[PDB]
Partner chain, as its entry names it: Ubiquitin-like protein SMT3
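Given next, in structure tokens, is a single chain: the form solved without its partner chain.
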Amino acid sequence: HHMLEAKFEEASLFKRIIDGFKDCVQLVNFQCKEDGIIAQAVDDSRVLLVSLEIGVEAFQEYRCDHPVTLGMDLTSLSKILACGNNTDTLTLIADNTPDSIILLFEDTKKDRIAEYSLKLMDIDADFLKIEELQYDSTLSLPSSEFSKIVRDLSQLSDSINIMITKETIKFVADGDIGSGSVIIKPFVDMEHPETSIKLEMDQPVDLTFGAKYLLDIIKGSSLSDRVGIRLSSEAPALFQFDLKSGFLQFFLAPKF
């Protein structure tokens, strides 16, 4: 015992994971299984889904005797998760049929220990599996560039339109003061693989998304310096920031 004990070497990883999506959802259902953690959250309007996978390899110690679903409020969780040092050892702890989850920050010298208890919510766990097999288009680019594009075009419009034609990625915003149009071209840079812009287009796309939601999605930069985007004319877009053993995904419904 206890039933669940998940020990990150550095609290920084989980701090950043929660930074990745704390601003766009109020409630989150974590599910800790023998093979690692997954989590889902949806916003008030059911246009944004957050899906998280943390494999067992991301922990320095992991044990979960039985799957549990832990419902948490993001304000409470983020407050508590701000209490660590980035280099502290962090341990999620839970018992059978838990009323709360324990977060244990431990010093690297063993001088101090900060133990926090977080009351859990009751949340009916209706996990969605909306990821498609094929998407019309797939691209990947540096997350900082995605952030710059989104933050720029957000000043002009509530809505940002992503258009993909062969060898051409285009972001557009139209508003009262004016309009903006960023055109980026795919290229593989061998001197700096991290700057590359990659595109695979089985079918061209023209989709519109709420700027409010893209502004939250770009906060996945805290986890990865690149972002993958999968776009479908019939389904939500998928924005993915990889971990070394997992990922953070945002599924965002286009505007009709």
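Positions refer to the first chain, counted from 1.
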Out of 31-39 and 59-67, which one has CA B-factors that are higher on average in the deposited record?
-> 59-67
Residue range whose averaged C-alpha B-factor is higher in the record, 68-76 or 182-190 | 182-190
Ranked C-alpha temperature factor of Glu145 among modelled chain residues, by third = middle
Entry-reported Cα temperature factor of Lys110, expressed as the chain third it lands in | highest
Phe8 CA temperature factor, ranked by third within the chain = middle
Cα B factor band for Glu234 (lowest, middle or highest third within the chain) | highest
Lowest, middle or highest third: where is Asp88 by Cα B-factor in its chain?
-> highest
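Beyond the structure shown, there is the form solved in complex with its partner chain, which is absent from this document and is the topic of what follows.
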Classify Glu200 as contacting or not contacting its partner chain in the entry with it bound by the rule of any non-hydrogen atom within 4.5 angstroms, answering yes or no.
-> yes
Does its partner chain get within 4.5 angstroms of any non-hydrogen atom of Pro186 in the entry with it bound?
-> yes
